[PDB]
Structure formats: C-alpha cells, structure tokens
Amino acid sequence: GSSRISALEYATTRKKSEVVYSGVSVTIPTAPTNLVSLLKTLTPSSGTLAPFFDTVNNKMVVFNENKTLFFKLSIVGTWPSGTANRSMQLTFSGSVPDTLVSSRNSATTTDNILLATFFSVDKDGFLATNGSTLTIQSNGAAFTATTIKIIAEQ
C-alpha cells in the first residue's frame, strides 16, 4: 500500500530546528526572560528558528501529530568569577508547566550548561494548539553565553 507506506515514511522522518549561535554575547539575566525573544534578534551561525521556534509570538510550537518532541539547549558561557551557588532555569508553559533546573555549587568549575527533555505532544492537545512559552532565568548572578545550540525535533 503506497499510501500507507508514504504515511509511515512521513511518521519516521525527523523534523527539526537546530540553531547554533557561535560568537555571541547574550546576557541571560537573573529575571525571567523569554528565550525566543532573546534569540530571535541574533544572526544564526547555522540553522533557523523556524519551524519549531516562532519569532512572532516568541514561543516553541509543534506539529499537530501524536509524536513526541525532543528538546536540547547547550550553552557555552560563564557566570562571574567567584560565583559558587548558581543555576540555569528554563520553564515551558503547558497544561502543567515544566521547570528544568541545572544547579551547581563551589565544587564545579565549569559554567557550561546542557538542558534536555521531551514533550509528549498529543494531536489537538494543549501544545499543538497553544505552543509553549520558554522562560529562562540565570540564578546566583547573570550568565554570559558565548555559544548557544538549541534543538527541537519531532
């Protein structure tokens, strides 16, 4: 069945946004900050925010499919020298909001960050209709990001 086969091929084709900002100086402040708003002003080194990051409404958006979305944010940067307790926090709005935190303390010298998660998108569900506002906040002190890689795939 060519039509059923084509549907299976579509279902098993990864769709994604994978955007790299190399050589930027993005301050991630200590106050809640819309992440897409922060990124959309920057010229990417590679990739595009579309289709998963909507630069008009400053949100992550998804395809209307019963297919899970995988998300990763990799940040190279620094907190100020001497900052001990510190964390990077990223919240996704949703029916139940999800709050990611990468915390560290005096024991860890590296300031680089890797946040990863997934969203089990339902057809005609909350994410499919509303998208998700991503709100980022640096805790302990402001963070200065010099490379950012952001991925959403479904």
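Just count from 1 along the sequence shown to find any residue number.
38-46 and 64-72 differ in mean CA B-factor, and the higher of the two is recorded for 38-46. As the entry records it, the average C-alpha temperature factor is higher for 48-56, out of 48-56 and 113-121. Reading the B-factor column for the CA atoms of 27, 99, 105, 102 in the entry, the top value corresponds to 27. Which of 11, 134, 19, 145 has the largest Cα B-factor in the deposited entry comes down to 145.
Ranked within its chain, residue 85 lands in the middle third, by CA B factor from the PDB record. The entry lists a Cα temperature factor for residue 33 that places it in the highest third of the chain's modelled residues.
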